[PDB]
Structures are given as C-alpha cells and as structure tokens.
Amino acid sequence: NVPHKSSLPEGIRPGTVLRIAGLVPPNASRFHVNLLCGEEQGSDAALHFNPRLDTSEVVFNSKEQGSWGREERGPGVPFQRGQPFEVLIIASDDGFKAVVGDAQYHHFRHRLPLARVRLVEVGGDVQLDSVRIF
C-alpha cells in the first residue's frame, strides 16, 4: 500500500503524539515506523519501530552514522495479520512510549536528542488509514 513520509521541520517536543491507524495485511511479513533526522539515504534514526509478523517479535532500535544501536524487544506481538490496529507513539523528555491498543506496550529511552528528529516514515507490509501528528 502507499507508504507515509512527512517532514517535521522543527523537530518534536515532549507531548508530540504520532497516531497510526491501519490494518496488517493477512500475509504480511513486517512493517516499520521511523523517526529520522534527515531526508538523506539511511539517515540517522532516533527511533526504529519494527513489528515483525514473520518472526513474532517487535524490535526497537536507533541508528547513528550507519550503524545500529543495541536492540530492545517488547513483550509479545500486539499485532495480528488481517486485523486492524491503532498505535500511539508519544514523545516525553525521557523517551518514546509505544501504545498499542489500549495499553502501553513498551518504553524506549532516547539515544538521539529529540530536536534532531526531522522526518517520519511509515512503510512495509502495512495498510494505512490515517497518520496524524499532534
């Protein structure tokens, strides 16, 4: 389906909320939500949120000068092929809160400063009904 890419020219502040509503295809493998620091290829990523249906896992990480940081994995997979989903990604001064459904799924401490974030990206095996930045 069409992916999402949107600029955040001033960055984001504690209280920024990214809301993604969609539907994991019935034969999906994996999709992702990126908060990048530029339009450049493989740019630094303050957050990489990667639900993996094929391997039954959800990986969190950051990227800096082309090398990945230490992965963090959440408890379980709050996604199912063929089911719709609602994701909130909430920026605090300490980290990102990943809310799936009606419960917080994981908390990802910042590695890159918030003010360096300048681009949001949503793609993969995912059908998107709405992407909003509040």
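Numbering starts at 1 and runs along the sequence shown.
Exercise. Taking only the CA atoms, which stretch has the higher mean B-factor in the record, 75-83 or 33-41?
Worked result: Averaging CA B-factors over each stretch, the winner is 33-41.
For this session: Check the PDB entry and point out which of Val122, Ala21, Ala115, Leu18 has the largest C-alpha temperature factor.
Result: Comparing C-alpha B-factors across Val122, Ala21, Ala115, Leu18, the maximum falls on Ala115.
Exercise. Which third of the chain holds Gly101 when residues are ordered by C-alpha B factor: lowest, middle or highest?
Worked result: It falls in the top third of the chain.
Exercise. By the record's CA B-factor, is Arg13 among the lowest, middle or highest third of residues in the chain?
Worked result: CA B-factor rank for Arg13: highest third.
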